[PDB]
Each structure stands twice: as structure tokens, then as C-alpha cells.
Amino acid sequence: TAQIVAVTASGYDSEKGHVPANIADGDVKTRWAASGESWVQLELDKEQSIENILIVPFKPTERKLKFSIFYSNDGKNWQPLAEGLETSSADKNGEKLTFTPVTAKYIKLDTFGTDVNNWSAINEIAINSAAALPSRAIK
Ligand SMILES: [Ca+2]
């Protein structure tokens, strides 16, 4: 997948150590988590063509995450890839979201908690992932 060099977030669960970098560590056992309307932003090594993102939400079969995905080349001006998504509860293991390729250095998920409570929690995110996971077109 595309190399993430930096992760930042609106906030995180500091008591439990659910830090932003947890989203990029290739470890499904760790997670970023934050409460209320939140965001996590991934910075790629370079500006490049993007065509999918893989998201492995926390407890995906019990909780659907609401979120929107934005992209930028400058970290200040954002365009939506899609707004008002929910993750799949049918997918144990994560899903890939595909779209019309765009050029981006940054990807930001604005997150709105789940259908269960106001925590947004994500185990993994990857950009241009080749994982064998199911697979849904957005916007
Ligand atoms: Ca992780």
C-alpha cells in the first residue's frame, strides 16, 4: 500500500492509549479512538494517485462507523471523496472503498461515532491497498 508517513487527529483516548498512529501500524489489535465529532488525517510520503482505501473499524459487526472522507494536496483545502458513509457490519475483517482516482498527499476521515455510541474507533486504514477484502464503490 501507499506509505503513510504521519498521522494526526482531533483527539484520542489518552487514558487507554488509543493513539492516532495506531491506525497505521498494520496491527488489527490496536486502534485510534475518539469521542464526538472527530477526525484522523493521514499524510502520504508524496503526492500521488489514490484509488482505494481500506478501513478496518473496531467491532465492525456490532458497530457501524459514520464518516466522511476528504483529500488534499496542501493540508488546508479539502475535497470530498464521499460524505455520510457508514461502514459495513457484514464485513468481519474490513472493507476497501474504491473511487475514481484522484491525486492527493493527505487523506482525512471526519468521523461521527457509530450507531451504538459516540466513539469513533478504527483499527487500520491503508491507501491503495491490495488486500483481499470486499470492496465497495463510493461517490
Ligand atoms: Ca492498528
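All heavy atoms count here, side chains included; hydrogens, waters and symmetry mates do not. Read the numbers this way: they start at 1 and go in the same order the structure lists the ligands and their atoms. In this chain, residues are counted from 1 in sequence order.
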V28 backbone acceptor or donor facing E124 side chain under 3.5 Å: yes
Shortest-distance N/O/S atom, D27 versus the Ca ion (ligand 1): O
Contacts of type salt bridge (charged side-chain N to carboxylate O under 4.0 Å, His left out), residue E95, not counting sequence neighbours: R136
4.5 Å side-chain heavy-atom contact, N52 and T98: yes
The Ca ion (ligand 1) to nearest N/O/S of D25 less than 3.0 Å: yes
Angle, OG1 of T30 through the Ca ion (ligand 1) to O of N123 - 10° precision: 150°
Verdict with reasoning, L81 to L97, per side chain to side chain contact (heavy atoms under 4.5 Å, CB included): CA-CA 10 Å; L81 290 174; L97 302 173; over 6 Å; no
